[PDB]
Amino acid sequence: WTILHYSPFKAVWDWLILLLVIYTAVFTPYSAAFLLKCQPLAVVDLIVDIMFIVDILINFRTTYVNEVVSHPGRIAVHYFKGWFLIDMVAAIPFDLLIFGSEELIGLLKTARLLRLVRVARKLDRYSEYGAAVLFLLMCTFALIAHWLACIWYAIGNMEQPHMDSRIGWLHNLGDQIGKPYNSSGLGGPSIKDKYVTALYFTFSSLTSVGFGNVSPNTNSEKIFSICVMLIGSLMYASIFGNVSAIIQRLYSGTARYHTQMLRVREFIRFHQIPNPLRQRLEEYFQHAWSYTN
């Protein structure tokens, strides 16, 4: 048995694995930042790990181009000469292999972020349709915002229990919603209050608006904000440059239409064309356009 890389199954499988990479890009950074000390998420997370292992076996049973190559020896060698290393490191369950506290074991599952490479390889499939690349550009923006929300909470939570004298962003969140910390550094805002504030501040930093209630005070928070002003000015110019270019690509029929309509309209004015002829020129352009695009 072997799967053809252009078959309708392999198309549906690559679009299914895109959604499981988006699940990984959301819930791995979130669990590593907010949750370090069956449940519905624990069974879903195991299902997703099993499907990323099935995808390794499919990559030993799929054709490739040099026209098609269809022999299991030449297929398995092509995978071992390239991506099989990264696809295996993205799948080794170190949680079942290491014991050294459970903080390290829970953090080590960040190795799953190598699954983003399965989206970097397959841009030949995903970038073919203009409506699908708008979804990838908005998910790239919302995932850059989410990963920065996890780094920003890690930076805050590694300074909140310090000899901080109540200066870092989490102590100010405690005051601002009426949920102050105890003198022990314990209690205070919930995980929803802290995550929603960390995502709000990083969309605020990336889209360059500051409403004044969350702001960086410590040197680590200021250095993070300088880095997010550099990331924001590159990535927002590149992403919304590409979103504008793809919107201009989708609008390009109407953009060419109004341009050629203005040529015909201005030619009619310049020659002062009589009405019985004028209607025939304008109706002809509407016919020749709606026939040929």
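The numbering used is simple: start at 1 and walk along the sequence shown. We call the rigid core whatever largest set of C-alpha positions still superposes within 1.5 Å between the two forms.
- Fitting each structure in 6 other deposited structures of this protein onto the rigid core and averaging C-alpha distances over structures and residues, 73-81 emerges as the more displaced of 73-81 and 187-195.
- Taking the root mean square of CA deviations in 6 other deposited structures of this protein after fitting on the rigid core, 88-96 and 126-134 differ, and the farther of the two is 88-96.
- Modelled in this chain, residue 45 is likewise built in all the other compared entries whose models extend past it on both sides, so a third of them omitting it does not occur.
- The records show that residue 67 is omitted from the coordinate set of at least a third of the other eligible entries of this protein.
- Per the record, residue 99 and residue 100 are separated by 1 to 3 deposited residues that have no coordinates.
- The gap between residue 244 and residue 245 holds no unmodelled residues of the deposited sequence.
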